[PDB]
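Trainee: before the rest arrives, take these chain(s) from the complex:
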Amino acid sequence: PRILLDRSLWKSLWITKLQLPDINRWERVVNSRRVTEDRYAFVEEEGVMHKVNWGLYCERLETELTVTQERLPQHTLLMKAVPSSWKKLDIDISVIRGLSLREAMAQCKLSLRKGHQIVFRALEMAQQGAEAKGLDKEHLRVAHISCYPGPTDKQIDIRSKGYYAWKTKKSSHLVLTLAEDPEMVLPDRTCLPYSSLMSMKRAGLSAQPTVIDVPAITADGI
């Protein structure tokens, strides 16, 4: 080539650092010279296409999207390399979507499935993260739980009397979103069966819990 532009290719592959010295600089050929102007992007203003600084525009878009995702009142956890097949993991997930955090963790603790245990761990971590961010505990609810296929390992093994067997260990990922919903009402789970009620009655314990009137916190002494 008579004029090899620094972003063009000639006996070379596209290397980012070698073909783009500065991303905000656009190189052109003017008067048989490499002219390095500022990069502009076209935006629609007042019905015409105006040119704005491309680097500033991209940084602005990224920062605005980031701050919106931040101040959106929810907590999203992305667990990777979960030791379970994506099929069985989604089968176990299909029961938790659209539940309160309380009932979700209760079902996970009372279930007998590896997917349920893994998502219990995920719920615990997401609840800790939401508490750290500043969300309340009682108004937490799972909003979007999904799993997509992840890494994979292939393991061969010998068996009795010399037979090779193949196995495909799978792994999936988990996207778990806890959201704050003030209009949530939780069903009364404190109900006891009549058997336990009359058993505690025979024992002498109060079947009804003792509510003690606790005074409020006052800083009058200071």
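Mentor: Nice, thanks for sending it over. Residues are numbered from 1 along each chain as shown, chains lettered A, B, ... in the order given.
Trainee: wasn't residue A:165 part of a strand?
Mentor: Yes. Checked against DSSP: H, G, I helix; E, B strand; the rest coil, residue A:165 lies within a strand.
Trainee: does it really touch residue A:155, like I thought?
Mentor: No. Residue A:165 lies out of contact with residue A:155 (C-beta atoms under 8 Å); the separation is 9.1 Å. Backbone N, C-alpha and C define where each C-beta goes, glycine included.
Trainee: the residue in chain A sticking out farthest from the centre: helix or strand, and which one exactly?
Mentor: For chain A, the residue at maximal distance from the C-alpha centroid (C-alpha atoms, centre = their mean) is residue A:31, at 52.3 Å. Assessed by DSSP states H and E, residue A:31 sits outside every helix and strand.
Trainee: wait, what's in contact with it?
Mentor: With contact set as C-beta atoms under 8 Å, 6 or more residues apart in numbering, residue A:31 has no partners.
Trainee: go on, residue A:123?
Mentor: Applying C-beta under 8 Å, 6+ apart, the residues contacting residue A:123 are A:101, A:104, A:105, A:108, A:142, A:176, A:178.
Trainee: which stretch of helix or strand covers it?
Mentor: helix A:114-133.
Trainee: quick one: buried residues of the helix or strand following that helix?
Mentor: Using DSSP H and E, the helix or strand that follows helix A:114-133 in sequence is strand A:140-146. Using 16 or more other C-beta atoms under 10 Å as the test for burial, strand A:140-146 gives A:140, A:141, A:142, A:143, A:145.
Trainee: what's the nearest residue to the first one if we skip its chain neighbours?
Mentor: If I follow you right, that is residue A:140. Closest residue in space to residue A:140, ignoring its immediate chain neighbours: residue A:101 at 4.0 Å, by C-beta to C-beta, 6 or more residues apart in numbering.
Trainee: buried set for stretch A:202-217?
Mentor: Here stretch A:202-217 shows no buried residue, counting by 16+ other C-beta under 10 Å.
Trainee: now the helix holding residue A:123 - C-alpha only, PDB.
Mentor: The C-alpha trace of helix A:114-133 is given here as PDB (Å, rounded to 0.1, in the frame of the first residue of the first chain):
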ATOM      1  CA  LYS A 114     -28.700 -30.300  45.200                       C
ATOM      2  CA  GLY A 115     -30.100 -27.400  43.200                       C
ATOM      3  CA  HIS A 116     -32.100 -26.300  46.200                       C
ATOM      4  CA  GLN A 117     -29.000 -26.400  48.400                       C
ATOM      5  CA  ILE A 118     -27.000 -24.300  45.900                       C
ATOM      6  CA  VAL A 119     -29.800 -21.800  45.500                       C
ATOM      7  CA  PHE A 120     -30.100 -21.600  49.300                       C
ATOM      8  CA  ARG A 121     -26.400 -20.600  49.400                       C
ATOM      9  CA  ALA A 122     -27.100 -18.100  46.600                       C
ATOM     10  CA  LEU A 123     -30.100 -16.700  48.500                       C
ATOM     11  CA  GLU A 124     -28.000 -16.300  51.700                       C
ATOM     12  CA  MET A 125     -25.300 -14.500  49.800                       C
ATOM     13  CA  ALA A 126     -27.800 -12.200  48.000                       C
ATOM     14  CA  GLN A 127     -29.500 -11.400  51.300                       C
ATOM     15  CA  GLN A 128     -26.200 -10.500  52.900                       C
ATOM     16  CA  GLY A 129     -25.400  -8.200  49.900                       C
ATOM     17  CA  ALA A 130     -28.800  -6.600  50.000                       C
ATOM     18  CA  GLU A 131     -28.400  -5.900  53.700                       C
ATOM     19  CA  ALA A 132     -25.000  -4.400  53.000                       C
ATOM     20  CA  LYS A 133     -26.500  -2.200  50.300                       C
END
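Trainee: ok, now chain B:
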Amino acid sequence: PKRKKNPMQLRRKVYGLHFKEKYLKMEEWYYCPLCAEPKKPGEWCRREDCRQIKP
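Mentor: To build on what is shown above, here is chain B added in:
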């Protein structure tokens, strides 16, 4: 004679009662009046209180 099964034949199993009652089903639970833990009616705790009286 065996052949690959379309996605529709892969979703016929969830229509039966065997698939629904095995994987996707919730629990009836309450709070252990002595342990303050979720408990199914019929299964108790190891603690001395939960063995003498059934919470």
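Trainee: that older thread, the helix holding residue A:123 near chain B anywhere?
Mentor: No. Counting by C-beta under 8 Å from any C-beta of the partner chain, chain B is not contacted by helix A:114-133; separation bottoms out at 9.6 Å.
Trainee: and that helix with strand A:140-146, angle?
Mentor: Here helix A:114-133 runs at an angle of 130 degrees relative to strand A:140-146 (axes from the mean of the first three to the mean of the last three C-alpha atoms, to 10 degrees).
Trainee: now do the buried residues in helix A:114-133.
Mentor: For helix A:114-133, a neighbour-count test (16 or more other C-beta atoms under 10 Å in any protein chain shown) marks A:115, A:116, A:118, A:119, A:120, A:122, A:123, A:126, A:127, A:130 as buried.
Trainee: which pair in these spans the largest distance?
Mentor: A:115 and A:130 (21.7 Å; C-beta to C-beta).
Trainee: picking that back up, go through the buried residues of helix A:114-133 and say which is closest to residue B:13.
Mentor: residue A:115 (17.9 Å).
Trainee: mind listing what residue 24 touches?
Mentor: Using chain A. A:38, A:39, A:53, A:54, A:55 (C-beta atoms under 8 Å, 6 or more residues apart in numbering or on different chains).
Trainee: ah, no, chain B please
Mentor: A:91, A:94, A:95.
Trainee: which parts of the helix or strand harbouring residue A:92 are buried?
Mentor: For residue A:92, the host element (DSSP H and E) is helix A:86-93. Residues of helix A:86-93 classed as buried by neighbour count (16+ other C-beta under 10 Å): A:86, A:88, A:89, A:90, A:91, A:92, A:93.
Trainee: filter these down to the ones near chain B?
Mentor: Checking the buried residues of helix A:86-93 against chain B by C-beta under 8 Å from any C-beta, the ones in range are A:91, A:92.
Trainee: make CSV out of the buried residues of helix A:86-93 and add distance to residue A:222.
Mentor: Output for the buried residues of helix A:86-93, formatted as CSV (distance: C-beta to C-beta, whole Å):
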residue, distance to residue A:222
A:86, 58
A:88, 58
A:89, 54
A:90, 56
A:91, 57
A:92, 52
A:93, 51
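Trainee: ok, the buried residues of helix A:86-93 vs chain B, which is closest?
Mentor: Nearest to chain B among those is residue A:91, at 5.2 Å by C-beta to the nearest C-beta.
Trainee: contact residues of chain A facing chain B?
Mentor: Close to chain B, as judged by C-beta under 8 Å from any C-beta, chain A has residues A:91-92, A:94-95, A:106-107, A:109-111, A:189-193, A:195-196, A:199-200, A:202-203, A:205.
Trainee: include this sequence as chain C:
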Amino acid sequence: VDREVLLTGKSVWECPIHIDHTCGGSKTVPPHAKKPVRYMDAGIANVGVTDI
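Mentor: Let me put chain C in with the others:
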């Protein structure tokens, strides 16, 4: 040494490690080896142009 120079600022001139660019191959050539003279090389570097 990269971390140390970044934290201190001392100027390093020689490489801290001896680089054997042959990966143990230079010990295979006999010691008295020397490149022979090649007359009339088909190159342009000997002209020493500075404008093209």
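Trainee: now that chain C has been added, could you go back to the contacts of residue A:123?
Mentor: Contact partners of residue A:123, counting by C-beta under 8 Å, 6+ apart, are A:101, A:104, A:105, A:108, A:142, A:176, A:178.
Trainee: if you set the cut-off to 6 Å instead, what comes out?
Mentor: A:104, A:105 (C-beta atoms under 6 Å, 6 or more residues apart in numbering or on different chains).
Trainee: related to what we said a few turns ago, tell me what angle the helix holding residue A:92 forms with strand A:140-146.
Mentor: Going by the same axes, to 10 degrees, helix A:86-93 makes 160 degrees with strand A:140-146.
Trainee: element containing residue A:59, please.
Mentor: helix A:54-71.
Trainee: gap between the nearest residue to residue A:108 once chain neighbours are set aside and residue B:46?
Mentor: With sequence-adjacent residues excluded and distances taken as C-beta to C-beta, 6 or more residues apart in numbering or on different chains, residue A:108 is closest to residue A:120, at 3.5 Å. Computed as C-beta to C-beta, to the nearest Å, the residue A:120 to residue B:46 distance reads 21 Å.
Trainee: same question for residue C:27.
Mentor: 72 Å.
Trainee: with residue A:22 instead?
Mentor: With C-beta to C-beta as the criterion, residue A:22 and residue B:46 are 68 Å apart.
Trainee: more neighbours, the two?
Mentor: residue A:22 (11 against 7; other C-beta atoms under 10 Å in any protein chain shown).
Trainee: OK, contacts around that one?
Mentor: Contacts of residue A:22 (C-beta under 6 Å, 6+ apart): none.
Trainee: how close does it get to residue A:211?
Mentor: The gap separating residue A:22 from residue A:211 is 69 Å, by C-beta to C-beta.
Trainee: next one: residue C:22
Mentor: Going from residue C:22 to residue A:211 by C-beta to C-beta gives 85 Å.
Trainee: please apply the same query to residue B:29.
Mentor: Using C-beta to C-beta, one gets 23 Å for the distance from residue B:29 to residue A:211.
Trainee: picking up where we left off before, and the next helix or strand past the helix holding residue A:92?
Mentor: Later in the chain than helix A:86-93, the nearest helix or strand by DSSP H and E is helix A:101-110.
Trainee: what's the offset of the helix holding residue A:92 from the middle of its chain?
Mentor: Here the centre of helix A:86-93 is set off from its chain's centre by 17 Å, with C-alpha atoms, centre = their mean, to the nearest Å.
Trainee: next, the angle helix A:101-110 makes with that helix.
Mentor: Going by the same axes, to 10 degrees, helix A:86-93 makes 120 degrees with helix A:101-110.
Trainee: only alpha carbons, please: show helix A:86-93 as CSV.
Mentor: Output in CSV follows, covering the C-alpha atoms of helix A:86-93 (Å, rounded to 0.1, in the frame of the first residue of the first chain):
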residue,chain,number,x,y,z
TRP,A,86,-28.3,-26.7,33.7
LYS,A,87,-31.3,-29.0,33.1
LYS,A,88,-31.7,-30.1,36.7
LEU,A,89,-30.8,-26.7,37.9
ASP,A,90,-33.6,-25.1,35.9
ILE,A,91,-35.9,-27.9,37.1
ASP,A,92,-35.2,-26.9,40.7
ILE,A,93,-35.4,-23.2,39.9
